[PDB]
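Participant: Got a file for you: final.txt, compact mmCIF, C-alpha atoms.
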```txt
# COMPACT_ATOMS: atom_id res chain seq x y z
CA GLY O 1 104.88 -16.68 59.40
CA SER O 2 107.89 -15.24 61.14
CA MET O 3 109.81 -11.98 60.66
CA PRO O 4 107.51 -9.34 59.25
CA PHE O 5 109.22 -7.48 56.46
CA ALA O 6 106.86 -6.98 53.57
CA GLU O 7 104.06 -7.43 56.03
CA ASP O 8 105.69 -4.68 58.11
CA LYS O 9 106.04 -2.38 55.13
CA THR O 10 102.38 -3.01 54.30
CA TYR O 11 101.42 -1.38 57.64
CA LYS O 12 103.53 1.67 56.88
CA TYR O 13 102.21 1.78 53.31
CA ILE O 14 98.57 1.52 54.33
CA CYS O 15 99.16 4.01 57.16
CA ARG O 16 99.62 6.53 54.33
CA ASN O 17 96.14 5.77 53.00
CA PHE O 18 94.52 5.06 56.37
CA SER O 19 92.01 7.76 55.41
CA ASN O 20 90.73 5.43 52.60
CA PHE O 21 90.24 2.63 55.08
CA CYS O 22 88.52 5.03 57.44
CA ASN O 23 85.44 4.16 55.49
CA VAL O 24 85.16 0.51 56.38
CA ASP O 25 83.42 -1.51 59.02
CA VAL O 26 85.98 -2.80 61.43
CA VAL O 27 83.62 -5.19 63.28
CA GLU O 28 82.42 -6.86 60.12
CA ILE O 29 86.10 -7.52 59.34
CA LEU O 30 86.71 -9.35 62.66
CA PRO O 31 84.98 -12.75 61.71
CA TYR O 32 86.60 -12.47 58.28
CA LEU O 33 90.10 -11.94 59.62
CA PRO O 34 91.43 -14.98 61.62
CA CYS O 35 95.16 -14.13 61.83
CA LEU O 36 95.01 -12.73 65.32
CA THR O 37 94.27 -13.94 68.76
CA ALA O 38 90.64 -13.80 69.92
CA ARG O 39 91.62 -11.25 72.58
CA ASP O 40 93.07 -8.96 69.86
CA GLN O 41 89.85 -9.12 67.88
CA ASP O 42 87.75 -8.87 71.03
CA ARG O 43 89.64 -5.70 71.94
CA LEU O 44 88.66 -4.23 68.60
CA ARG O 45 85.07 -5.20 69.44
CA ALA O 46 85.51 -3.00 72.52
CA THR O 47 87.04 0.07 70.93
CA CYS O 48 84.41 -0.14 68.16
CA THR O 49 81.68 0.87 70.56
CA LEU O 50 83.91 3.55 72.02
CA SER O 51 85.03 5.21 68.84
CA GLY O 52 83.69 3.44 65.82
CA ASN O 53 86.06 3.28 62.94
CA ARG O 54 89.11 5.53 63.49
CA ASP O 55 90.49 4.29 66.84
CA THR O 56 89.36 0.78 66.13
CA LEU O 57 90.93 0.67 62.70
CA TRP O 58 94.17 2.14 64.01
CA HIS O 59 94.38 -0.58 66.64
CA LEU O 60 93.35 -3.06 63.97
CA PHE O 61 96.39 -2.27 61.86
CA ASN O 62 98.53 -1.99 65.01
CA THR O 63 97.58 -5.51 66.11
CA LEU O 64 97.62 -6.95 62.56
CA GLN O 65 101.16 -5.78 61.77
CA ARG O 66 102.58 -8.04 64.49
CA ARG O 67 101.13 -11.09 62.85
CA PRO O 68 103.60 -11.78 59.99
CA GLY O 69 101.28 -12.82 57.21
CA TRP O 70 98.21 -10.76 58.26
CA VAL O 71 98.16 -9.22 54.80
CA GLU O 72 96.99 -12.37 53.02
CA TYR O 73 94.08 -12.97 55.35
CA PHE O 74 93.41 -9.26 55.40
CA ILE O 75 92.76 -9.36 51.65
CA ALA O 76 90.07 -11.88 52.45
CA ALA O 77 88.85 -9.65 55.28
CA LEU O 78 87.90 -6.63 53.12
CA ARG O 79 86.89 -8.82 50.22
CA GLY O 80 84.90 -10.96 52.63
CA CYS O 81 82.74 -7.98 53.50
CA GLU O 82 82.25 -7.10 49.78
CA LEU O 83 84.81 -4.34 50.00
CA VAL O 84 86.89 -5.54 47.10
CA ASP O 85 88.40 -2.09 46.54
CA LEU O 86 89.95 -2.05 49.96
CA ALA O 87 91.21 -5.58 49.36
CA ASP O 88 92.71 -4.32 46.06
CA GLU O 89 94.46 -1.55 47.93
CA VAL O 90 96.29 -3.97 50.20
CA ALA O 91 96.71 -6.54 47.40
CA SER O 92 98.54 -3.99 45.28
CA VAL O 93 100.99 -3.45 48.15
CA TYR O 94 101.63 -7.12 48.72
CA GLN O 95 101.83 -7.53 44.95
CA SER O 96 105.11 -5.69 45.20
CA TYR O 97 106.30 -6.63 48.69
CA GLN O 98 106.74 -10.42 48.45
CA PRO O 99 103.77 -11.36 46.20
CA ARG O 100 104.72 -14.92 45.54
CA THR O 101 108.03 -16.36 46.44
CA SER O 102 108.15 -20.07 46.09
```
Show me this structure written as structure tokens.

Facilitator:
Amino acid sequence: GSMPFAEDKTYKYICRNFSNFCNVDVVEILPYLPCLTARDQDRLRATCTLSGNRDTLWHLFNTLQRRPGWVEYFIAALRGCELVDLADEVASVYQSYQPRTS
């Protein structure tokens, strides 16, 4: 979509609990998260080998936040790698910030 508002707030919200997401696999998320450009995901598949989680995950959120709508696919990213709890975390944010508006 266009104009990230709730999707922008989600970044700032999750940035507060980044430490909870610091226990995730960022590379496993990549094929489960198709809201970015291949280059963006490929970049994460570069930093992954350099750092692992932390730097990769930070750049993950940093690249995600500029894709207005990332949140929805991101739910399916954590949940796609059996990390339903981390999906729940984001889902509970987006449950408040524009959950369903149609």

Participant: From the options O:53, O:102, O:47, O:95, which residue's atoms come nearest to residue O:20, counting all atoms listed in the file?

Facilitator: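 With all atoms listed in the file as the atom set, the closest residue is O:53.
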
Participant: Neighbouring residues of residue O:17 were defined as those with any atom within 12 Å, considering all atoms listed in the file; residues of the same chain fewer than 4 positions away were excluded. Please report them as a list in words.

Facilitator: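 After dropping sequence-adjacent residues, the list is residues 10, 11, 12, 13, 21, 22, 23, 58, 61, 86, 89, 90 and 93 of chain O.
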
Participant: Report, in Å to a single decimal, how far apart atom CA of residue O:56 and atom CA of residue O:44 are.

Facilitator: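 These two atoms are separated by 5.6 Å.
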
Participant: When you count all atoms listed in the file, which of these residues is closest to residue O:100: O:72, O:25, O:42, O:8?

Facilitator: O:72

Participant: Could you check the closest approach to residue O:99 for each of O:7, O:81, O:52, O:14 and tell me which residue wins, using only C-alpha atoms?

Facilitator: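 Answer, going by the shortest atom-to-atom distance: O:7.
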
Participant: Please indicate the distance in Å from atom CA of residue O:54 to atom CA of residue O:33, rounded to one decimal place.

Facilitator: 17.9 Å

Participant: Out of O:16, O:71, O:60, O:24, which residue has the shortest atom-to-atom distance to residue O:92 when counting all atoms listed in the file?

Facilitator: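 Residue with the minimum atom-to-atom distance to residue O:92: O:71.
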
Participant: Mind checking which residues fall within 8 Å of residue O:27, counting all atoms listed in the file, ignoring those fewer than 3 positions away in the same chain, and posting them as a compact mmCIF listing (two decimals) with C-alpha atoms, in the frame of the given file?

Facilitator:
```txt
# COMPACT_ATOMS: atom_id res chain seq x y z
CA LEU O 30 86.71 -9.35 62.66
CA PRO O 31 84.98 -12.75 61.71
CA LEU O 44 88.66 -4.23 68.60
CA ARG O 45 85.07 -5.20 69.44
CA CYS O 48 84.41 -0.14 68.16
```

Participant: Padding 5 Å on each side, edges along x, y and z: where is the centre of the box around the listed atoms of stretch 71-87 of chain O, and how long are its edges in Å to one decimal? Output it as JSON.

Facilitator:
```
{"center_x": 90.2, "center_y": -7.5, "center_z": 51.0, "size_x": 25.9, "size_y": 20.9, "size_z": 18.9}
```

Participant: Please list, as a PDB file with C-alpha atoms, in the frame of the given file, the residues that have an atom at most 8 Å away from (98.7, -10.3, 66.4) in the coordinates of this file, counting all atoms listed in the file.

Facilitator:
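Writing the result to out39.pdb gives the following:
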```
ATOM      1  CA  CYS O  35      95.160 -14.130  61.830  1.00  0.00           C
ATOM      2  CA  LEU O  36      95.010 -12.730  65.320  1.00  0.00           C
ATOM      3  CA  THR O  37      94.270 -13.940  68.760  1.00  0.00           C
ATOM      4  CA  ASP O  40      93.070  -8.960  69.860  1.00  0.00           C
ATOM      5  CA  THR O  63      97.580  -5.510  66.110  1.00  0.00           C
ATOM      6  CA  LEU O  64      97.620  -6.950  62.560  1.00  0.00           C
ATOM      7  CA  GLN O  65     101.160  -5.780  61.770  1.00  0.00           C
ATOM      8  CA  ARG O  66     102.580  -8.040  64.490  1.00  0.00           C
ATOM      9  CA  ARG O  67     101.130 -11.090  62.850  1.00  0.00           C
TER      10      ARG O  67
END
```

Participant: With all atoms listed in the file as the basis for distance, which of O:74, O:5, O:32, O:18 is at the shortest distance from residue O:98?

Facilitator: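 When distances to residue O:98 are compared using all atoms listed in the file, the smallest one comes from O:5.
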
Participant: Quick one, how far is atom CA of residue O:4 from atom CA of residue O:68?

Facilitator: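 Value for the atom CA of residue O:4-atom CA of residue O:68 distance: 4.7 Å.
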
Participant: For N, CA and C atoms, please extract stretch 38-83 of chain O from the block and return it as a PDB file, in the first residue's frame.

Facilitator:
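Final output, saved to decode_37.pdb:
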```
ATOM      1  N   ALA O  38      13.902  -8.208  -4.011  1.00  0.00           N
ATOM      2  CA  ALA O  38      14.841  -9.310  -3.860  1.00  0.00           C
ATOM      3  C   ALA O  38      16.160  -8.824  -3.289  1.00  0.00           C
ATOM      4  N   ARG O  39      16.602  -7.659  -3.750  1.00  0.00           N
ATOM      5  CA  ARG O  39      17.848  -7.037  -3.301  1.00  0.00           C
ATOM      6  C   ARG O  39      17.817  -6.768  -1.786  1.00  0.00           C
ATOM      7  N   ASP O  40      16.660  -6.343  -1.282  1.00  0.00           N
ATOM      8  CA  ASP O  40      16.486  -6.062   0.154  1.00  0.00           C
ATOM      9  C   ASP O  40      16.658  -7.335   0.954  1.00  0.00           C
ATOM     10  N   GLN O  41      16.041  -8.398   0.477  1.00  0.00           N
ATOM     11  CA  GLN O  41      16.108  -9.692   1.139  1.00  0.00           C
ATOM     12  C   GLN O  41      17.493 -10.309   0.989  1.00  0.00           C
ATOM     13  N   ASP O  42      18.077 -10.109  -0.172  1.00  0.00           N
ATOM     14  CA  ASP O  42      19.413 -10.607  -0.498  1.00  0.00           C
ATOM     15  C   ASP O  42      20.449  -9.955   0.405  1.00  0.00           C
ATOM     16  N   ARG O  43      20.247  -8.673   0.674  1.00  0.00           N
ATOM     17  CA  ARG O  43      21.092  -7.903   1.586  1.00  0.00           C
ATOM     18  C   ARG O  43      21.065  -8.511   2.986  1.00  0.00           C
ATOM     19  N   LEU O  44      19.892  -8.925   3.409  1.00  0.00           N
ATOM     20  CA  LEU O  44      19.728  -9.553   4.706  1.00  0.00           C
ATOM     21  C   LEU O  44      20.452 -10.895   4.728  1.00  0.00           C
ATOM     22  N   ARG O  45      20.477 -11.550   3.579  1.00  0.00           N
ATOM     23  CA  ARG O  45      21.189 -12.815   3.394  1.00  0.00           C
ATOM     24  C   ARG O  45      22.723 -12.553   3.228  1.00  0.00           C
ATOM     25  N   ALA O  46      23.129 -11.325   3.408  1.00  0.00           N
ATOM     26  CA  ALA O  46      24.534 -10.990   3.415  1.00  0.00           C
ATOM     27  C   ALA O  46      24.946 -10.690   4.850  1.00  0.00           C
ATOM     28  N   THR O  47      24.161  -9.838   5.493  1.00  0.00           N
ATOM     29  CA  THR O  47      24.404  -9.421   6.860  1.00  0.00           C
ATOM     30  C   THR O  47      24.216 -10.606   7.851  1.00  0.00           C
ATOM     31  N   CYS O  48      23.438 -11.607   7.450  1.00  0.00           N
ATOM     32  CA  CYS O  48      23.186 -12.771   8.256  1.00  0.00           C
ATOM     33  C   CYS O  48      24.485 -13.530   8.548  1.00  0.00           C
ATOM     34  N   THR O  49      25.317 -13.641   7.551  1.00  0.00           N
ATOM     35  CA  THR O  49      26.569 -14.339   7.669  1.00  0.00           C
ATOM     36  C   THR O  49      27.600 -13.474   8.410  1.00  0.00           C
ATOM     37  N   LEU O  50      27.375 -12.189   8.409  1.00  0.00           N
ATOM     38  CA  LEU O  50      28.280 -11.256   9.043  1.00  0.00           C
ATOM     39  C   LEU O  50      27.989 -11.122  10.537  1.00  0.00           C
ATOM     40  N   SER O  51      26.741 -11.027  10.875  1.00  0.00           N
ATOM     41  CA  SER O  51      26.346 -10.859  12.245  1.00  0.00           C
ATOM     42  C   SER O  51      25.585 -12.088  12.718  1.00  0.00           C
ATOM     43  N   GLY O  52      24.433 -12.307  12.138  1.00  0.00           N
ATOM     44  CA  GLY O  52      23.617 -13.415  12.522  1.00  0.00           C
ATOM     45  C   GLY O  52      22.194 -13.000  12.644  1.00  0.00           C
ATOM     46  N   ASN O  53      21.823 -12.582  13.813  1.00  0.00           N
ATOM     47  CA  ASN O  53      20.467 -12.150  14.077  1.00  0.00           C
ATOM     48  C   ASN O  53      20.391 -10.643  14.187  1.00  0.00           C
ATOM     49  N   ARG O  54      21.030 -10.107  15.217  1.00  0.00           N
ATOM     50  CA  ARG O  54      20.951  -8.684  15.628  1.00  0.00           C
ATOM     51  C   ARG O  54      20.995  -7.672  14.466  1.00  0.00           C
ATOM     52  N   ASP O  55      22.127  -7.577  13.777  1.00  0.00           N
ATOM     53  CA  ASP O  55      22.290  -6.615  12.694  1.00  0.00           C
ATOM     54  C   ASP O  55      21.350  -6.898  11.550  1.00  0.00           C
ATOM     55  N   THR O  56      21.125  -8.165  11.308  1.00  0.00           N
ATOM     56  CA  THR O  56      20.296  -8.617  10.229  1.00  0.00           C
ATOM     57  C   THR O  56      18.835  -8.223  10.490  1.00  0.00           C
ATOM     58  N   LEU O  57      18.381  -8.489  11.700  1.00  0.00           N
ATOM     59  CA  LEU O  57      17.052  -8.265  12.131  1.00  0.00           C
ATOM     60  C   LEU O  57      16.760  -6.766  12.162  1.00  0.00           C
ATOM     61  N   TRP O  58      17.748  -5.989  12.579  1.00  0.00           N
ATOM     62  CA  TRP O  58      17.618  -4.547  12.612  1.00  0.00           C
ATOM     63  C   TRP O  58      17.406  -4.005  11.196  1.00  0.00           C
ATOM     64  N   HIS O  59      18.191  -4.504  10.259  1.00  0.00           N
ATOM     65  CA  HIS O  59      18.064  -4.093   8.869  1.00  0.00           C
ATOM     66  C   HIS O  59      16.811  -4.665   8.235  1.00  0.00           C
ATOM     67  N   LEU O  60      16.362  -5.796   8.755  1.00  0.00           N
ATOM     68  CA  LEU O  60      15.102  -6.407   8.369  1.00  0.00           C
ATOM     69  C   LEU O  60      13.992  -5.408   8.640  1.00  0.00           C
ATOM     70  N   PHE O  61      13.823  -5.041   9.896  1.00  0.00           N
ATOM     71  CA  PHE O  61      12.788  -4.079  10.272  1.00  0.00           C
ATOM     72  C   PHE O  61      12.959  -2.740   9.544  1.00  0.00           C
ATOM     73  N   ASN O  62      14.203  -2.317   9.378  1.00  0.00           N
ATOM     74  CA  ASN O  62      14.517  -1.056   8.697  1.00  0.00           C
ATOM     75  C   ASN O  62      14.078  -1.074   7.222  1.00  0.00           C
ATOM     76  N   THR O  63      14.199  -2.211   6.574  1.00  0.00           N
ATOM     77  CA  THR O  63      13.807  -2.327   5.185  1.00  0.00           C
ATOM     78  C   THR O  63      12.295  -2.576   5.057  1.00  0.00           C
ATOM     79  N   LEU O  64      11.764  -3.385   5.971  1.00  0.00           N
ATOM     80  CA  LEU O  64      10.341  -3.702   6.049  1.00  0.00           C
ATOM     81  C   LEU O  64       9.481  -2.472   6.213  1.00  0.00           C
ATOM     82  N   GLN O  65       9.848  -1.605   7.150  1.00  0.00           N
ATOM     83  CA  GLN O  65       9.044  -0.419   7.498  1.00  0.00           C
ATOM     84  C   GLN O  65       8.765   0.513   6.311  1.00  0.00           C
ATOM     85  N   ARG O  66       9.537   0.400   5.244  1.00  0.00           N
ATOM     86  CA  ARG O  66       9.346   1.265   4.094  1.00  0.00           C
ATOM     87  C   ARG O  66       8.479   0.603   3.047  1.00  0.00           C
ATOM     88  N   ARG O  67       7.944  -0.533   3.388  1.00  0.00           N
ATOM     89  CA  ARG O  67       7.016  -1.224   2.538  1.00  0.00           C
ATOM     90  C   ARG O  67       5.672  -1.176   3.254  1.00  0.00           C
ATOM     91  N   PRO O  68       4.832  -0.173   2.950  1.00  0.00           N
ATOM     92  CA  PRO O  68       3.556   0.025   3.643  1.00  0.00           C
ATOM     93  C   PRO O  68       2.606  -1.156   3.454  1.00  0.00           C
ATOM     94  N   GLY O  69       2.571  -2.013   4.443  1.00  0.00           N
ATOM     95  CA  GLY O  69       1.768  -3.205   4.373  1.00  0.00           C
ATOM     96  C   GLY O  69       2.565  -4.429   4.777  1.00  0.00           C
ATOM     97  N   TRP O  70       3.887  -4.226   5.018  1.00  0.00           N
ATOM     98  CA  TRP O  70       4.825  -5.297   5.422  1.00  0.00           C
ATOM     99  C   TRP O  70       4.276  -6.156   6.539  1.00  0.00           C
ATOM    100  N   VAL O  71       3.576  -5.508   7.455  1.00  0.00           N
ATOM    101  CA  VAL O  71       3.058  -6.102   8.674  1.00  0.00           C
ATOM    102  C   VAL O  71       2.248  -7.372   8.405  1.00  0.00           C
ATOM    103  N   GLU O  72       1.355  -7.312   7.426  1.00  0.00           N
ATOM    104  CA  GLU O  72       0.461  -8.403   7.124  1.00  0.00           C
ATOM    105  C   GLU O  72       1.228  -9.636   6.667  1.00  0.00           C
ATOM    106  N   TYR O  73       2.190  -9.421   5.783  1.00  0.00           N
ATOM    107  CA  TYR O  73       2.991 -10.489   5.251  1.00  0.00           C
ATOM    108  C   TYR O  73       3.981 -10.955   6.299  1.00  0.00           C
ATOM    109  N   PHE O  74       4.329 -10.050   7.203  1.00  0.00           N
ATOM    110  CA  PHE O  74       5.274 -10.326   8.257  1.00  0.00           C
ATOM    111  C   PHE O  74       4.663 -11.269   9.266  1.00  0.00           C
ATOM    112  N   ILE O  75       3.350 -11.176   9.459  1.00  0.00           N
ATOM    113  CA  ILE O  75       2.635 -12.117  10.328  1.00  0.00           C
ATOM    114  C   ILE O  75       2.867 -13.525   9.790  1.00  0.00           C
ATOM    115  N   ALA O  76       2.736 -13.640   8.481  1.00  0.00           N
ATOM    116  CA  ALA O  76       2.892 -14.890   7.784  1.00  0.00           C
ATOM    117  C   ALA O  76       4.365 -15.307   7.693  1.00  0.00           C
ATOM    118  N   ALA O  77       5.266 -14.385   7.982  1.00  0.00           N
ATOM    119  CA  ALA O  77       6.689 -14.665   7.961  1.00  0.00           C
ATOM    120  C   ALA O  77       7.106 -15.427   9.229  1.00  0.00           C
ATOM    121  N   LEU O  78       6.746 -14.906  10.410  1.00  0.00           N
ATOM    122  CA  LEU O  78       7.038 -15.593  11.658  1.00  0.00           C
ATOM    123  C   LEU O  78       6.223 -16.866  11.765  1.00  0.00           C
ATOM    124  N   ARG O  79       4.960 -16.763  11.431  1.00  0.00           N
ATOM    125  CA  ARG O  79       4.046 -17.885  11.533  1.00  0.00           C
ATOM    126  C   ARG O  79       4.412 -18.958  10.503  1.00  0.00           C
ATOM    127  N   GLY O  80       5.040 -18.527   9.421  1.00  0.00           N
ATOM    128  CA  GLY O  80       5.472 -19.430   8.376  1.00  0.00           C
ATOM    129  C   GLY O  80       6.640 -20.285   8.810  1.00  0.00           C
ATOM    130  N   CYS O  81       7.406 -19.798   9.763  1.00  0.00           N
ATOM    131  CA  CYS O  81       8.535 -20.537  10.289  1.00  0.00           C
ATOM    132  C   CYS O  81       8.209 -21.099  11.683  1.00  0.00           C
ATOM    133  N   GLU O  82       6.911 -21.385  11.904  1.00  0.00           N
ATOM    134  CA  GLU O  82       6.383 -21.963  13.153  1.00  0.00           C
ATOM    135  C   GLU O  82       6.572 -21.084  14.388  1.00  0.00           C
ATOM    136  N   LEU O  83       6.917 -19.842  14.197  1.00  0.00           N
ATOM    137  CA  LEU O  83       7.072 -18.941  15.304  1.00  0.00           C
ATOM    138  C   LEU O  83       5.816 -18.102  15.433  1.00  0.00           C
TER     139      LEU O  83
END
```
